[PDB]
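> give me the fold of what follows.
(chains A, B, C and D, ligands or ions: 7)
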Amino acid sequence: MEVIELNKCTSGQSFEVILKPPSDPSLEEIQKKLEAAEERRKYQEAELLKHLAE
Amino acid sequence: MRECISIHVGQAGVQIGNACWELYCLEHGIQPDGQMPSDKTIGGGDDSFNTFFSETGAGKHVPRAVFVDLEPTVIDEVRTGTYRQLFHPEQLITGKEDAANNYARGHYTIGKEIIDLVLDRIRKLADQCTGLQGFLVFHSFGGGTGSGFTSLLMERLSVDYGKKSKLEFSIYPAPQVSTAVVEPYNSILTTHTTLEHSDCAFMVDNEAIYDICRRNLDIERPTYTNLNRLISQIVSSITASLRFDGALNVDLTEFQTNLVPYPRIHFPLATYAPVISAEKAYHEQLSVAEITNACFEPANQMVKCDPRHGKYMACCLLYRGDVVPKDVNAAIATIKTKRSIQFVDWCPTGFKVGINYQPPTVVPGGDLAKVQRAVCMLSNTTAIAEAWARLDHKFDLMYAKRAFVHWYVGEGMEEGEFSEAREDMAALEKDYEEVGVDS
Amino acid sequence: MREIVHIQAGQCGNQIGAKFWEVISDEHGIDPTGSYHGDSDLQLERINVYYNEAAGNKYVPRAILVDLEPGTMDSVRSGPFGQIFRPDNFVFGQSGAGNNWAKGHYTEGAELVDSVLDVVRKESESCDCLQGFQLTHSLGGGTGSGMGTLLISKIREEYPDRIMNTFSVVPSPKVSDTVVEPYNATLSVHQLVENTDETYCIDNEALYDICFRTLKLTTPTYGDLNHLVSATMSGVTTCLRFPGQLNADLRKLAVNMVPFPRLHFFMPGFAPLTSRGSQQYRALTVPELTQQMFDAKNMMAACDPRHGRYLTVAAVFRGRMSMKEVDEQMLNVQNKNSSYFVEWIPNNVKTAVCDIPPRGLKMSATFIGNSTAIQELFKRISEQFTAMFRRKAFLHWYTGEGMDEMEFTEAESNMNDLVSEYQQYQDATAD
Amino acid sequence: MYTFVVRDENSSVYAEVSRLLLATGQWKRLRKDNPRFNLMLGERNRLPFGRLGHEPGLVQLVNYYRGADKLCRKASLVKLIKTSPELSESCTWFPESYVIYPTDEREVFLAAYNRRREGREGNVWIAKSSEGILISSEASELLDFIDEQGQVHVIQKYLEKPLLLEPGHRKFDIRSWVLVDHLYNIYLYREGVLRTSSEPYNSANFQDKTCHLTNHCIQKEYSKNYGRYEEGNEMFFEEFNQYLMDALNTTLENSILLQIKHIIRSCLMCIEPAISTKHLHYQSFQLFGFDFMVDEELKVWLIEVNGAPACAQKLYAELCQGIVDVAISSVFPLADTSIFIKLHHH
Ligand SMILES: CC(=O)O[C@H](C[C@H](C(C)C)[NH+](C)C(=O)[C@@H](NC(=O)[C@H]1CCCCN1C)C(C)C)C1NC(C(=O)N[C@@H](Cc2ccccc2)C[C@H](C)C(=O)O)=C(CCOCc2ccccc2)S1
Ligand SMILES: Nc1nc2c(ncn2[C@@H]2O[C@H](COP(=O)(O)OP(=O)(O)OP(=O)(O)O)[C@@H](O)[C@H]2O)c(=O)[nH]1
Ligand SMILES: Nc1ncnc2c1ncn2[C@@H]1O[C@H](COP(=O)(O)OP(=O)(O)CP(=O)(O)O)[C@@H](O)[C@H]1O
Ligand SMILES: Nc1nc2c(ncn2[C@@H]2O[C@H](COP(=O)(O)OP(=O)(O)O)[C@@H](O)[C@H]2O)c(=O)[nH]1
Ligand SMILES: [Ca+2]
Ligand SMILES: [Mg+2]
Ligand SMILES: [Mg+2]
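Numbers count the residues shown, from 1 in each chain, chains lettered A, B, ... in the order given. Ligands and ions are numbered 1, 2, ... in the order given. Shown next is the structure:
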């Protein structure tokens, strides 16, 4: 039993009760990865249209 | 007053979005045309509700929201719905071809076409904000757009809004309502990519919500409508602190401070009671003691797991209705001796409590009954890690044989990104064990 | 919306194709004039998937009719929904393929293929968002077999980012006496393995056995066989044609059904199996539908599912029933047949329920299975092939049209690889 | 038909349960990695509890209680007895024990040990790993041994004055088989075993570990008189009850079983709120093997609890059918008088 930091208003009230105490990638790197994918996509398609030409 | 921009990605995100803004509107007394008679400050104001709603000179309360999907069907029902007048056409963004339950299509192939347009539309809302707090992102783990596009957006938002908090509402997949075999793949891939860009993430297991609907609301076979009405009440209880006067969880940074000590372990467990059937002509009204105790019953959790076989890093009780401090302290005091609530040694065994005297609003002609008092407990417990383990095992079963991997490699991804994403989840599982278990 | 372009090639293709249009036109409340006279708006919500709108709310099938024989396409025109089709989309030659794959693929069909693609382009152009193509054809004949597989390849070259669906009627000695069909079939499968995303294996062996044994038709007609095909074709496309969550488009179906690119050959199933013009009075219970649709006697491919394992399954229930009961009975099947579902693909069975039933039935269920048992079908074609090809029998028909023995050796090898590939994943375990 | 998976091939008990279940012809054994099961006879360590109870249209049961290792590990049990206010230092039935690491209560052990030496009381303690067991009257010997072993042991007070069976003057331990079902009904199997020594209990020399340790294993190997008094050093409750009546003028029920029944309850009731599967998405049962020592004043002492206990050859048939009847068949009923004693609790 230890209630602390009781804040009351009109809408309601808030508090804290304690039982016991204690004992990113850059915009470039994104585009690099996104195009790398599209380039693997285009190559896969190119080799298909090459295989379909044959 | 600090503004919050909601973003709804994929079907799941968009449909859960509708359920929320419908519920928010009723809670704030905002009519479906957007008019709010109770608001005496026409055009603007720094009221609590303005954090989620901008105002026009005509007195229309417009959600700070962007709906994005790579298919027009779901967002077309927002454009032609009951709350069509609520949103600007610029807020509702659609492609023509969806991600076909493929993270790769959502993140790379289709995602890359619309990402710049979406950020441009998000920036239009951001420019209306006097002091933007952050973002609440709603999406599925299973969907192609939900998984794929979100992780791309969350990356770009980190770049374009370096200092702004980002909260998730992630719909964890369940086979009772799941529409794709590869949802484990999409789930792991997005969780890995988003992990560094998400400050706090509320997972919702469809299976949990489905079972609660069947068990508590006596619904033979729940639809998304059924799940979404219940999910909206949980989301509303969490966001109530931002939209209403109060002291606890008044801004998005307070969420991570209160619930997230370890940046990677940022998945709180939400437990909500009471969920009672509108059909039930007579029902006993549950005391503060009874609803508080119910938050430690795995049946009432948004993700089914056993907190008794884990450890707590933080525990947060969010009450609505006829609740006074004396009753809550008493209820917790009694629960402490009975229940098994072990906190980690470096955190204090405490409960941060917030009370809103307005009892939970229910959409008329709904499933949920009107109750005098309800509670939503947000607890950061190392038991939620079970959710990862289940998902991670299904990933391993399929990926062992490389089943369905050609669909992802076909859209430009490498087998590298799979094993890379899985090794990050293997690390997250180990992290949750290190914090949680002694033996 | 997501438009599908239909192509029907050869006698078989144009017959099962015509019956498909007769059935789904009735289901969407469209008369032979192409005018809507339906009661439900669910009929029109996703009509643009298979139908082009025109002046005075007129619905025209997005269907291209192809054959090297005028015969079958005069029949289609004369038939009941013969007048619904776009007259320009009738693309036919004068000299047939004489059940020769070489004639259909290289010599005769090569002349006409450019004329077909002109109609494909015209139809593709006016699609808001084309999702792909479905072809009806037989692998036993010449036109559908040879020219169909050429079109598949020529369409893929113009539309390589679009789904390629096929209803491929696999031949049987019980239906046809044409000696060279195993050749035509084996050459066709080689093409399908490489150039199609989804192939519904409609086995004439199964359709005849269903008609003779189950339906008790001592002398079955092609119409008696096609009645099963048209019911199956109505069932598997139900998710594409009506509002739904599961397998709503051709790509999402492929992503749920095809775990490996080459293994895209499905076992269609239907319950209840009905005789043509016989009225079912007793509606089937949900348990009856469920047991029947998974039964070997209700499979349109002449394969025993208990001789293999299910990689993936798609169940489609139709009519007003309890969604709770379907969910229970589908779990019941899986939970009491878990040996026949690969344990390394979790939750590989997916179920859809559609309120609108087909014509003549209050309740029906359609089954789409990616079972490793399908190898039995390919093994049967392979045995028939090797019987003849071992002695180089009836090859003068193909080498006369410019082909080489090598093409046959390659087609044979690719099928034998497809078989052993299915056997690989059948014997595969969690560890 | 019901379905089950076997993930522990060694488990002699559940090898016989699987044999019995199949023989009924209403059960089917799946491949161990098939998730669509009703019953899981799970592996001993690293049992994936987190995955159980998430398969729709299947009630799922497992042959282990999650968190029962708190009772079945030696160091865990000591910590449990001490820390639990339910067991407390009102626990008179667990020998004075201390958890010794090679955080740690190694300091406090010496404080209790020094008191005994000035009291001139028996200062003989036993060190046990979580063969491998040293017994000495000198503390310096026990601590130096544990450091050399390298794993975490427990220094327990050796029952210096045990009850000795005549004729023979033999030490013994009692094994009681307890079955906790999915409703947490505690079932004590009416049949137990006396796992007896075959050499006379020698007070002087503690190095001769055959007359001091009463394990079936160390007997059949090192024992010089194996099977002379009773077959496979296993006396059953019929013969032991008769001995107590003939020698001590008391019954097994009065003298001992009342205390055994109190300890089994006390231990399992204490952990019920931690392991119980009352309102879980899966259900649990587990067989336990409680080990007891009886002293010269017929007072029962708890030695340890065994989480994966092996049954006596004679009894396997009876007990295993009981597990099927009480634990398995209760959750999954079959289609068209009690070997257990239900230890009543609330
Ligand atoms: C009864 C009959 O003629 O059936 C024919 C179908 C069978 C197959 C087994 C399915 N056939 C070809 C035969 O029975 C052969 N026998 C063999 O081939 C047999 C000989 C011994 C060695 C083994 N083999 C397999 C007979 C010698 C004919 C036919 N079915 C139709 C047919 O369906 N007609 C439809 C129109 C049609 C035709 C083709 C495709 C689509 C639609 C008419 C009506 C709607 C109907 O369904 O009955 C044939 C074409 C002629 O149709 C007119 C006709 C003539 C006589 C009887 C019935 C119909 S041949
Ligand atoms: N709770 C809930 N879950 C939903 C809803 N819609 C879909 N889901 C779940 O989300 C997953 C499917 O993802 P969706 O959101 O439909 O997909 P999407 O984001 O539109 O992506 P694509 O269609 O693949 O491009 C499955 O696990 C569904 O069970 C909904 O309205 N509510
Ligand atoms: N406090 C004590 N006093 C006297 N003897 C003891 C004792 N603790 C254990 N023993 C003796 O040591 C033997 C084995 O002890 P223990 O049961 O801890 O070892 P163990 O774990 O290898 C066998 P099990 O796993 O089947 O219980 C017992 O048979 C008992 O006679
Ligand atoms: N099920 C069915 N099979 C057919 C039909 N017409 C032909 N076939 C079979 O298909 C093969 C011959 O193909 P066909 O379409 O006549 O050749 P094409 O017209 O040159 O393509 C043989 O195995 C026939 O039995 C039909 O209407 N229904
Ligand atoms: Ca205002
Ligand atoms: Mg979508
Ligand atoms: Mg012909």
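> residues touching whichever residue of the stretch 201-346 of chain D sits closest to ligand 3, list them.
Closest residue of the stretch 201-346 of chain D to ligand 3, Cβ to the nearest ligand atom: residue D:214 (3.5 Å). For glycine as for every other residue, the C-beta is placed from the backbone atoms N, C-alpha and C. Listed by Cβ atoms under 8 Å, 6 or more residues apart in numbering or on different chains, the contact partners of residue D:214 are D:171-173, D:195-197, D:233.
> before we move on, what about residue C:54?
C:34, C:60.
> quick one: the strands in the stretch 151-300 of chain D?
Taking DSSP state E, counting those that start in this stretch, the strands of the stretch 151-300 of chain D run over residues D:153-157, D:172-180, D:186-189, D:193-196, D:234-236, D:283-284, D:286-294, D:300-306.
> try chain A
A:3-8, A:12-20 (DSSP state E).
> most tightly surrounded among these?
strand A:12-20 (a mean of 18; mean count of other Cβ atoms under 10 Å in any protein chain shown).
> that one near chain D at all?
No. Using Cβ under 8 Å from any Cβ of the partner chain, we find that strand A:12-20 stays clear of chain D, coming within 13.9 Å at best.
> quick one: strands adjacent to that strand?
Paired neighbours of strand A:12-20 in the sheet (DSSP bridges): strand A:3-8 (antiparallel), strand B:349-356 (antiparallel).
> give me the contact list for the shortest one.
I take that to be strand A:3-8. By Cβ under 8 Å, 6+ apart, the list of residues contacting strand A:3-8 from outside reads A:13-18, B:246-248, B:325, B:329.
> among the residues you listed, which pair sits farthest apart?
A:18 and B:246 (20.2 Å; Cβ to Cβ).
> quick check on residue D:88: phi, psi?
Torsion angles at residue D:88 (phi, psi; degrees, to the nearest 10) stand at phi 60, psi -160.
> and the longest helix for chain C?
Across chain C, the longest stretch assigned as helix under DSSP state H is helix C:405-426.
> quick one: that helix near chain B?
Yes. Helix C:405-426 is in contact with chain B by Cβ under 8 Å from any Cβ, via residue C:425.
> show me what counts as buried in that helix.
C:407-408, C:411-412, C:414-416, C:418-419, C:421-422, C:425-426 (16 or more other Cβ atoms under 10 Å in any protein chain shown).
> what is the nearest of these to ligand 2?
Looking across the buried residues of helix C:405-426 and measuring by Cβ to the nearest ligand atom, the closest to ligand 2 is residue C:425, at 25.5 Å.
> distance check, that closest one against residue D:16.
To residue D:16, residue C:425 is 36 Å away according to Cβ to Cβ, to the nearest Å.
> repeat that for residue B:218.
43 Å.
> these two: which is more packed in?
residue D:16 (18 against 12; other Cβ atoms under 10 Å in any protein chain shown).
> can you name the residue of the stretch 251-400 of chain B nearest to ligand 2?
For the stretch 251-400 of chain B, Cβ to the nearest ligand atom, closest residue to ligand 2: residue B:302, 10.7 Å.
> who touches that residue in this structure?
B:202-205, B:208-209, B:234, B:269-272.
> at 6 Å what do you get?
Residue B:302 makes contact with B:204, B:208, B:270 under the criterion Cβ atoms under 6 Å, 6 or more residues apart in numbering or on different chains.
> show me what contacts residue D:47?
So residue D:47 contacts residue D:64 (Cβ under 6 Å, 6+ apart).
> and it, helix, strand or coil?
coil (DSSP: H, G, I helix; E, B strand; the rest coil).
> what count of nearby residues applies to the closest residue to ligand 2 within chain A?
Here the residue of chain A nearest ligand 2 is residue A:37; by Cβ to the nearest ligand atom that distance is 17.1 Å. Counted with other Cβ under 10 Å, residues neighbouring residue A:37 total 19.
> same check on the one 3 residues further on?
Burial of residue A:40 is recorded as 16 neighbouring residues (other Cβ under 10 Å).
> is it true that it touches residue B:413?
No. Here residue A:40 lies out of contact with residue B:413, judged by Cβ atoms under 6 Å, at a distance of 8.1 Å.
> and residue B:37, helix, strand or coil?
coil.
> now it: closest residue in space that isn't a chain neighbour?
residue B:29 (7.0 Å; Cβ to Cβ, 6 or more residues apart in numbering or on different chains).
> how about residue C:292, nearest residue that isn't a chain neighbour?
Counting by Cβ to Cβ, 6+ apart, residue C:292 lies nearest to residue C:271, which is 3.5 Å off, once chain neighbours are set aside.
> from chain D, how far off is residue B:161?
36 Å (Cβ to the nearest Cβ, to the nearest Å).
> and what of residue B:385?
8 Å.
> you'd agree that residue is up against residue B:431?
No. In this structure, residue B:385 is not within contact of residue B:431 by Cβ under 6 Å, at 8.5 Å.
> the two: who's more crowded?
Legend: neighbour count by other Cβ under 10 Å for residue B:385 and residue B:431, higher for residue B:385 (24 against 16).
> what residues does the stretch 201-346 of chain D put near ligand 3?
With Cβ under 6 Å from any ligand atom as the criterion, the stretch 201-346 of chain D meets ligand 3 at residues D:213-215, D:291, D:293, D:303-304, D:306.
> what's around residue B:124, how many residues?
Here the number of neighbours of residue B:124 (other Cβ under 10 Å) works out to 12.
> can you name the helix or strand that residue B:135 falls in?
strand B:132-140 (DSSP states H and E).
> for ligand 3, what's its nearest residue on chain B.
residue B:439 (17.2 Å).
> how many neighbours does that residue have?
As a burial measure, residue B:439 scores 8 neighbours (other Cβ under 10 Å).
> likewise residue A:54?
Neighbours of residue A:54 (other Cβ under 10 Å): 5.
> spatially central residue in chain B, please.
The centroid of chain B falls nearest to residue B:169 when counting by Cα atoms, centre = their mean (2.3 Å).
> same question but for chain A, I mixed them up
residue A:24 (10.5 Å).
> excluding sequence neighbours, find me the nearest residue to it.
Residue A:24 sits nearest to residue B:158 (Cβ to Cβ, 6+ apart), 4.9 Å away.
> which strand or helix spans that neighbour?
Per DSSP H and E: residue B:158 is located in helix B:144-160.
> what's the distance between that helix and the middle of its chain?
16 Å (Cα atoms, centre = their mean, to the nearest Å).
> how about it, does it get close to ligand 2?
Yes. Using Cβ under 6 Å from any ligand atom, helix B:144-160 reaches ligand 2 at B:144-146.
> okay, now the residue in the stretch 51-200 of chain B that ligand 1 sits nearest to: neighbour count?
Of all residues in the stretch 51-200 of chain B, the one sitting closest to ligand 1 is residue B:100 (35.8 Å; Cβ to the nearest ligand atom). Residue B:100 has 29 neighbours, counted by other Cβ under 10 Å.
> quick one: contacts for it?
Residue B:100 sits in contact with B:144, C:251-252, C:255, where contact means Cβ under 6 Å, 6+ apart.
> how about residue D:319?
So residue D:319 contacts D:177, D:189, D:311 (Cβ under 6 Å, 6+ apart).
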